[PDB]
Number of protein chains: 2
Amino acid sequence: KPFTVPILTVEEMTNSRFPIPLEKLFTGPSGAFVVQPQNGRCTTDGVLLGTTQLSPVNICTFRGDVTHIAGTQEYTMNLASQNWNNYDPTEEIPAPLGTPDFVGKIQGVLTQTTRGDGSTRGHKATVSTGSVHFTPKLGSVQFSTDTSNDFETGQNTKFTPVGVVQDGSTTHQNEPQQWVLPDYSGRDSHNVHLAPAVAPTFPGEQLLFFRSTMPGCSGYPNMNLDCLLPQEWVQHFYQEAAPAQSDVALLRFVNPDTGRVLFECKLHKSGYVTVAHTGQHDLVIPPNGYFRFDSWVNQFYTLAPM
Amino acid sequence: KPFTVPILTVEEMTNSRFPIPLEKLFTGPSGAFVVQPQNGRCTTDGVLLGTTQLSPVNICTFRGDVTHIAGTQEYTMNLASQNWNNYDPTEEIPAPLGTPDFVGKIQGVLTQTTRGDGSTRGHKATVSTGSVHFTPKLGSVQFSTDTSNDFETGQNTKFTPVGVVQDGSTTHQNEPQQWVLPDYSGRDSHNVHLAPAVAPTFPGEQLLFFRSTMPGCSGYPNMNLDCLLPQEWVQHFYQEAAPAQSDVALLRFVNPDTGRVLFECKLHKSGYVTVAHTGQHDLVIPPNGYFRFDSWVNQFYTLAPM
Ligand SMILES: C[C@@H]1O[C@@H](O[C@@H]2[C@@H](O)[C@@H](O)[C@@H](CO)O[C@H]2O)[C@@H](O)[C@H](O)[C@@H]1O
């Protein structure tokens, strides 16, 4: 079965690490960071990895029941699954599918319905994924809210993410840290079942990222968010399940107005892209440009320089 | 070129009328209302209709610049396109792409950034789509917020939707009205360029709806939300652009565990589904079930009762 990537343009696609559109293609050096995101991870033959699931809108959402921490505006959420069943911590995954894969303060809204009468409520909420109480793999996360008495126990509650925050009285853009994984089971625990770190291995190459800007809700957050694969590529490979004929799919990025190739890149079968470039660079592309799979090559193929 | 629908299950797909997952399938008689949604509208050969666009996360999202209404907590948003290009009110669409297609009060968050130093601001906001100031076709909508002084003008501002509210009456579940389109031009003009109203037209048939429950943020809202096509079907048809060989595609809903067909349905070329059933019915389906296109059929095809 022939392998393909979708014909959607970059701007027609969605970040796989937060529920926002893609904006641009970006390449840069990894530096002293290890790049190991857990959302937006899928092999080219359609095996989901890490915490990756298929829904573009369920990324960084949470569902469950909540309990008030007395005297505070904090609430503890006992996690349910995406369809309100019990969360199974025995599954060999790092954390529930769709769990945030970076350390930062994600602001959004906690909503709840009382099942007996259909009454509803909603409050500003922030989840700090570097917090000691961020333990999604154990089935519990804590939210800071703007209420101390308007959430009920034993009622379905959902967190919808909006954006990120930063304490402006502290060093600007010091958080989020997009390449720092949470400790999914809390302090002094060790993450397990992670999708692997990715890095270029060939001279002159860098990762190519699909970049968005997360909305900021307060302060001076670092809003950059790089994913390794658009969410639509995850969905496409999962359905197509085309076998990989080598370890590297050569893609050409084409301007359809001219038919001319802008650049070429390697889509590694384990689900990430490299390009021949060094340094930080926002790629200049026509907005109707698209990726086209052209041929299977090896790890020693030399790309045309970006 | 062979037509296909995605192999994703119901719970693996997304509502095309609000950025939330699908939950279930529902059928019922629909002479009580006009079924004319404008999001989630697409022909089987990939022509987008109404206000439909491709992004699951831009449904009920607004982008533009905001201006404060003095002496109130209200802000007017002068709308941009979803990629920040100008919105052209003379384009032959009913309203900006992704505009909500029901009368109701949608709560979310308005966010913006100052590029000069990266400061960010976020505030609770509600848009009442039945209000006289809901005039997206003219290029503006009005938000009720929790602030009077904390938004810059002339600055890109985003509304992220979260859920719906009910207020202004002791009566329960009388809003949203999911089958009542807003007046996209307000009182200045009637709605134009609408995707067609849909109805069963074969004896014994009813529409099949792809149903979610919208988050409720206050009061006693009617949270049911039915779409005619999953958002992933819209994206699939857009890319595949497979020609329709008749006006009616026969789909079978298959349990891949057993291989057995649970029911069959008609996917009409103009982009909606019917089943042979009389009465309101919540379909009971295996969670791994999915739709499979089997053949193009003529106008005289009698579906097996579901
Ligand atoms: C039904 C209740 O709704 C919310 O509270 C309401 C407020 O949001 C506001 O609409 C006003 C209306 O006068 O008062 C409240 O009724 C929830 O916060 C509350 O928990 C109930 O579910």
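Residues numbered from 1 in each chain as written, not as in the entry; some residues may be left out. Chains lettered and ligands numbered in written order. Heavy atoms only, no water. Residues with missing side-chain atoms left out of burial classes, pairs and counts.

Undergrad: Can you tell me about the overall build of chain A, naming the residues and giving the values?
TA: Across its full length, chain A holds one helix and 15 strands. Expected size for 306 residues packed as a compact globule is a radius of gyration near 19 Å; at 20 Å, chain A falls within 12% of this value. Projected onto the principal axes, the alpha-carbon positions of chain A cover approximately 60 × 45 × 40 Å. Put simply, of all contacts in chain A between residues at least 6 apart along the chain, 74% involve residues at least 24 apart. (Helix = DSSP H or I, 4+ residues; strand = E, 2+ residues; numbered from the N terminus. Rg over C-alpha atoms; globule rule 2.2 N^0.38 Å. Contact = heavy atoms within 4.5 Å.)

Undergrad: Give a detailed account of the site of the ligand, specifying residues and quantitative values.
TA: Contacts to the ligand come from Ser119(A), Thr120(A), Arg121(A), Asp150(A), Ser218(B), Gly219(B) and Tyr220(B). Two or more chains meet at the ligand, and those chains are chains A and B. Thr120(A) has a polar backbone atom sitting 2.6 Å from an oxygen atom of the ligand. Contact distances for the ligand include 2.6 Å between an oxygen atom and a side-chain N or O atom of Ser218(B). In isolation the ligand offers 470 Å² of accessible surface; the protein chains occlude 47% of this area. (Near = heavy atom within 4 Å. Polar contact = N/O pair within 3.5 Å; in protein donor to acceptor, adjacent residues only side chain to side chain. Areas by Shrake-Rupley, 256 points an atom, 1.4 Å probe, with all protein chains shown as cover.)

Undergrad: Lay out the nonpolar core in plain terms, naming residues and giving numbers.
TA: Membership of the largest hydrophobic core comes to 57 residues, with the highest contact counts inside it found for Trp233(A), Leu267(A), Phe291(A), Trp233(B), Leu267(B) and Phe291(B). Those residues in contact with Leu267(A) that lie beyond four places of it in its chain are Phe3(A), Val5(A), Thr44(A), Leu229(A), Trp233(A), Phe237(A), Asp247(A), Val248(A), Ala249(A), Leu251(A), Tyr272(A) and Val273(A). (Core = buried A, V, L, I, M, F, W, Y, C linked by side-chain atoms within 4.5 Å. Buried < 20%, exposed > 50% of the residue type's maximum accessible area, 1.4 Å probe, protein only.)

Undergrad: An account of the environment of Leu283(B) is needed here, citing residue identities and associated values.
TA: All names here are of chain B. Within the secondary structure, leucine 283 is located in the loop between β14 (281-282) and β15 (290-297). We classify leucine 283 as buried; its relative accessible area is 10%. In this structure, the C-alpha to C-alpha distance between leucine 283 and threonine 27, residues 256 residues apart in sequence, is 7.6 Å. In this view, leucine 283 contacts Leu25, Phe26, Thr27, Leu208, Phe263 and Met306; residues no more than four positions away in its chain are not counted.

Undergrad: Could you give an account of the domain arrangement of chain A, naming the residues involved and the relevant values?
TA: Residue and element names in this part refer to chain A. When cut into domains, chain A gives domain 1 (10-54 + 192-297) and domain 2 (62-165). Using C-alpha coordinates to define each centre, domain 1 is positioned 29 Å away from domain 2. On the side of domain 2, 18 residues touch domain 1, which itself brings 21 residues to the contact. Buried area between domain 1 and domain 2, both sides added, is near 1,500 Å², and the carbon and sulfur share of it is 67%. The largest per-residue losses of area from domain 1 upon contact with domain 2 belong to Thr51, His193 and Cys217, which jointly make up 32% of the total buried on that side. Connecting domain 1 to domain 2 are one salt bridge. We note a salt bridge from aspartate 101 to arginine 17, for which the minimum N-O separation is 2.9 Å. Taken together, the links from domain 1 to domain 2 amount to seven residue pairs in polar contact. (Domains from an automatic or database assignment. Buried area = accessible area lost by both parts, 1.4 Å probe. Salt bridge = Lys/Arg side-chain N within 4 Å of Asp/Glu carboxyl O.)

Undergrad: For the relation of the copies chain B and chain A, give the residues involved together with the corresponding values.
TA: Once turned by 179° and shifted 0.1 Å along the axis, chain B lies on chain A with an RMSD of 0.8 Å. When the rotation and shift are considered jointly, the pair of chain copies conforms to a two-fold rotation axis. Of the interface residues in chain B, 100% have counterparts in chain A that sit at the interface too, so the contact is made through matching surfaces. (Least-squares fit on C-alpha atoms.)

Undergrad: Residues and numbers for helix α1 (residues 231-240) of chain B, please.
TA: Where burial is concerned, most of α1(B) is hidden: seven out of the 10 residues are buried. All of the buried residues in α1(B) are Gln231(B), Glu232(B), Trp233(B), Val234(B), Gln235(B), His236(B) and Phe237(B). Residues of α1(B) that are buried make contact with α1 (231-240) of chain A together with β8 (205-213), β11 (248-254), β12 (261-268), β13 (272-276) and β15 of chain B. Phi turns positive, to about 45°, at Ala241(B), one or two residues after α1(B).

Undergrad: Lay out the pattern of salt bridges in plain terms, naming residues and giving numbers.
TA: In this structure the tally under the stated criterion is 20 salt bridges over all chains. In this structure, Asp294(A) engages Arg292(A) in a salt bridge whose closest nitrogen and oxygen atoms are separated by 2.7 Å. Take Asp294(A): its relative accessible area is 29%, and that puts it in the partly exposed class. For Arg292(A), a relative accessible area of 31% corresponds to the partly exposed category. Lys1(B) is the salt-bridge partner of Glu240(B), the closest N and O atoms lying 3.9 Å from each other. One end of the pair, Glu240(B), is in helix α1; the other, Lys1(B), is in the segment before β1 (24-28), with 239 residues separating them in the sequence. On the accessibility criterion, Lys1(B) (53% relative accessible area) is exposed. Counted as one network, the salt bridges with shared partners bring together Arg252(A), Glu264(A), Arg292(A) and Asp294(A).

Undergrad: Describe unusual backbone geometry, and please don't skip the residues or the numbers.
TA: Look at the link from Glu175(A) to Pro176(A): it is a cis peptide, with omega at -10°. As for its position among the elements, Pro176(A) is in the loop between β7 (157-165) and β8 (205-213). One non-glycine residue with positive phi stands out, namely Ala241(A), at about 50°. Within the chain, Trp84(B) stands out as a residue other than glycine whose phi angle is a positive 75°.

Undergrad: Requested: an account of the interface of chain B and chain A, with residues and values cited.
TA: Across the boundary between the two partners, chain B contributes 43 residues, which contact 43 residues of chain A. Of the roughly 3,200 Å² buried between chain B and chain A, counting both surfaces, carbon and sulfur atoms make up 56%. One can count zero salt bridges joining chain B with chain A. In this assembly, chain B and chain A are joined by 11 residue pairs in polar contact. Looking at the side of chain B that touches chain A, the elements that each hand over two or more residues are β4 (105-114), β5 (119-128), β7 (157-165), β9 (216-219) and α1 of chain B. Here the side of chain B that touches chain A is built from residues that sort into 18 nonpolar, 18 polar and seven charged. (Nonpolar A, V, L, I, M, F, W, Y, C, P; charged D, E, K, R; others polar.)

Undergrad: Explain the pairing of strand β12 (residues 261-268) of chain A residue by residue, including any values.
TA: Residue and element names in this part refer to chain A. Counting buried positions along β12 yields six of eight residues, so the element is predominantly enclosed. Across seven bridges, the pairing between strand β11 (residues 248-254) and β12 is antiparallel. Following the sheet pairing, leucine 250 is matched in β12 by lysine 266. Counted along the chain from β11 to the antiparallel partner β12, the turn is six residues long, and its residue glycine 259 has a positive phi close to 75°. Here three bridges tie β12 to strand β13 (residues 272-276), and the two strands are oriented antiparallel to one another. (Pairing = 2+ DSSP bridges.)

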